[PDB]
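Taking the form deposited in one PDB entry, here's one chain by itself in structure tokens.
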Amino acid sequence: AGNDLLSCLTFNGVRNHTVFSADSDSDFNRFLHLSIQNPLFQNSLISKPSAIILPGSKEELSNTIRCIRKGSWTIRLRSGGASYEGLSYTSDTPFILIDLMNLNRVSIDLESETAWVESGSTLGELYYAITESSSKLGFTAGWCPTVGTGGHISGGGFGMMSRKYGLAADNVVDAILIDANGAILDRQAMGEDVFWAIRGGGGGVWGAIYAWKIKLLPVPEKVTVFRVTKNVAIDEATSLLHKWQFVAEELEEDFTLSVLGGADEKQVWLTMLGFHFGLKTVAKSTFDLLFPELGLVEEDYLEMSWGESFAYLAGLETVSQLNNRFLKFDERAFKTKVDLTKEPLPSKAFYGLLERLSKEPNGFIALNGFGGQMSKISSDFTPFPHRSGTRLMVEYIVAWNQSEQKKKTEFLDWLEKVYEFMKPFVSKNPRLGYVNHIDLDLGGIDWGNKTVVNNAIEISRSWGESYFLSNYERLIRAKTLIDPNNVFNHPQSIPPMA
């Protein structure tokens, strides 16, 4: 029973747990909602955990998993709670939520220039700790400070420094994984196939990552960034985006130029985000040469520390704000979809995308170029396969607040239609995806369904090959090795072999 679970936890010295309560403002509901970053999955109709456990050490994490298995609960692991589909805190079967928020220690070793990072730590907490320790070290990961390292690194982790240094997972050199039996496994213990699989094979599949050991990377004491919003009409916005794609993928590895875009009837807005590993004179000379159409001026270019640049690019007020995991931002529900491209987008693709954005001010797009180091890493170095030959990543987002809930169906329909419009221009056979941008539209396994489970491998190939391409086969072997009994599962987890 739940009381048996409780007894087991006590016997093993795990004290931080809270059982389900109907009391709307119970401590249970407080802990549950503390790390739900998408209000979309926050209402009273959604599944709720039977209990929430907050392990405070690797042994407590090991024993929690050990105890949960003596019952029939589904395990859910949550770090940052940023899952696009709420997969860290929802389940169609009774589940126990293992919340890792107390595992938030970052330990920087300046003598080896590496760090051990407990998996409950956020990217912001990590960046803050790095900046505090050194003005010449940084790390490559995503641009959202509130995202958890647990899910993020497990899925790869792309950001503004990836053209220089690759994904967060491409820079992991050891890890502690707690397996289905509660074993505490470092890189040597888990073996090279499993150490490969965890570095981008997706969270919630292999076991519970207790901590990541990462290599810290050189950054100059001052870098140059810009964040400039152009307010233009569609003719100019189209020509800017069409040229942007070439400038972006082609830039030397020491430069990144990304875009956020949206519109409202005749007014289009494009926010250009620039990063250069170096000083402003070189930064401006490069963009003056390659992209004069942007109309950037001297005062747009800002020199600041690496830590400052990551806080700045995230729209935070100060570096100090990096260190606040529960610092919200906005309170909007959202849905997103993503594409990867292999061929240049024709001008008419950007034109049509902007036309659709112009009709839906709640929608917007995020555009990133690959190339640089992303084209120099082999497709099977880690599970993330989209390397050489991949040109852009394109994200489509629609977001709304409480007062707009009536339009929910309308927003989702808009996003569906945008995705359908882009189909001919983006990757095909299969239409590629990214596991950190998990998308349930592709389908999902009901692990309680016998006929589906028998055919799990074929069925799962739909999303599996989209996220991992030819790396799918090795992932299945790693899964069978580390979690043959499928203790760690969700609608799109890698299936073990029968």
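Note that residue numbering follows the sequence shown and begins at 1.
Same protein, other form: the form solved in complex with a small molecule, not shown, and the subject of what follows.
In the entry with it bound, the one of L302, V173, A366, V282 near the small molecule [non-hydrogen atom within 4.5 angstroms]: It is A366 that has a heavy atom within 4.5 Å of the partner.
One residue of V418, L340, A180, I397 in contact with the small molecule, assessed in the entry with it bound (non-hydrogen atom, 4.5 angstroms): Going through each option in turn, the one that passes is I397.
The small molecule contact at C144 in the entry with it bound, heavy atom, 4.5 Å: Contact check for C144: yes, within 4.5 Å of the small molecule in the entry with it bound.
Partner proximity in the entry with it bound: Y84 to the small molecule, non-hydrogen atom cutoff 4.5 Å: Yes - in the entry with it bound, heavy atoms of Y84 and the small molecule come within 4.5 Å of each other.
Distance check, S258 to the small molecule in the entry with it bound, heavy atom within 4.5 Å: Yes, contact at 4.5 Å.
Partner contact for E221 in the entry with it bound: the small molecule, 4.5 angstroms, heavy atom: Contact check for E221: no, nothing within 4.5 Å of the small molecule in the entry with it bound.
Segment that reaches the small molecule in the entry with it bound - one of 348-356, 402-410, 420-428, 366-374, heavy atoms within 4.5 Å: Going through the listed ranges, the match is 366-374.
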